[PDB]
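A lone chain, given as structure tokens: the form deposited in one PDB entry.
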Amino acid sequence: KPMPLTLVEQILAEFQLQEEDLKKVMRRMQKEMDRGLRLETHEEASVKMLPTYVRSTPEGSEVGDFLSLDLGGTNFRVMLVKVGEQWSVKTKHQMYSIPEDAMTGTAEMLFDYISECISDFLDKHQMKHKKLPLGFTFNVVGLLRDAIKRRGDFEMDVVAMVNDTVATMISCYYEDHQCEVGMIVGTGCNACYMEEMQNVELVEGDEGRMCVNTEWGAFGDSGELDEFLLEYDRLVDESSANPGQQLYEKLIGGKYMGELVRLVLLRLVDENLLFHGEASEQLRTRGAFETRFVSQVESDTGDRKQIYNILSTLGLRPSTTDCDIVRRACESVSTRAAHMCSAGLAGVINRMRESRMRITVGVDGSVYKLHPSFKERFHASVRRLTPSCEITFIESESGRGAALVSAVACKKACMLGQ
């Protein structure tokens, strides 16, 4: 690395977060999860800790057979699943490519094509009498119900989807049975984990555990993060659709990460430390610096070409120094996102530890998967904040994890009386 520009470093250093800071954030998250878990304070609690009814014991034994529907980009998978016995997950499936016609009509006309494919599948395997439960993997539930009803020839119960943190936990559990935490760092950020039943005051029972959906994005309503906010965070918060809300997520989520960078670049520019104090009209446009650009700038192999090309797309003609500064502005934001995020997962893992540590954590999300070194910085920060825990991280990815998600969602549904 070259000797950095001092003036720039003083501005980017404002993003730094010390251990003592993250422990502050951690402890504040912890008290907020306590408020969420308890009957008495749950309604005013901003971190809701939603019981998911996904228990540590297999329930809904009378659901052995079901249909799993993995809805993807340009196609979908229909999959028949039979659960037996550890659970014996038997599957057969079919890939269906969505025609361009079906893609480009309306959402209702789309799900009629999906329903049509389901009919063919059931005919192919002689199951059009069986009235199977159907889960979704990746209001489409509503659309499929209406599209099946519209057909009338076969009957089918489309169950409620699980939260994406829960699906991540369940599909990662398939491959590593030590997984008891699900986490998403994409557009938004959330976490779920297996809580002790005695702590889940909203569902009575002492025995076993239940997944709890933290919905921790809402953390910060009472100013729990105020001392750690910066002018740019405040600006993002004011221009957003929901000012004063989702403050924790605003620091971390992919939804705003690009906008934060853009604002940092404008500060630098206005300080005459970047682009000779001259921004483009694109750069002065809200939303122009896409979050994908951040990962791209931080992927640059050292030759400045991915950075140059991105900045050129915004109507800038950057010097080599300008490209270095952008990289460092991107890293500041990323690394701060990773810190803030690690403080949340640390509060969860330390809370789980008190009740008892080798533990696996399932993770998903574009930021965690695709941002060059978010995961690395994130891992190291959590491990630091969680002494006496050994944390294995895995990413969700033959379609049997998805089948296990759909089995749980259907069995949950049976258990709750539909």
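Each form is matched to the other, and the largest set of C-alpha atoms that superpose within 1.5 Å is called the rigid core. The first residue of the shown sequence is 1; numbering continues from there.
The following text describes the form deposited in another entry, which does not appear among the structures shown.
Visitor: Which of these moves by 2 angstroms or more at the C-alpha between the shown form and the other one, core superposed: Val236, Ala338, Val297, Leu80?
Guide: So the only displaced C-alpha belongs to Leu80.
Visitor: Would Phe66 count as moving between the shown form and the other one, using a Cα shift of 2 angstroms or more after superposing the core as the test?
Guide: Yes, the C-alpha moves 2 Å or more.
Visitor: After a rigid core superposition, would you say the CA of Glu155 moves by 2 angstroms or more between the shown form and the other one, or not?
Guide: Moves: yes, 2 Å or greater.
Visitor: Hey, does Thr187 budge by 2 Å or more at the Cα between the shown form and the other one once the core is superposed?
Guide: Stays below the 2 Å threshold, so no.
Visitor: Work out the direction of the Cα-Cα change for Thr214 and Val408 in the other form: closer or farther than in this form? It's 3 angstroms or more.
Guide: Farther is correct, given that in the other form the C-alpha spacing of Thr214 to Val408 is increased by at least 3 Å.
Visitor: Since the CA distance of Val185 and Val408 differs by 3 Å or more in the other form, is it closer or farther than in the form displayed?
Guide: It is farther: the C-alpha separation of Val185 and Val408 rises by at least 3 Å in the other form.
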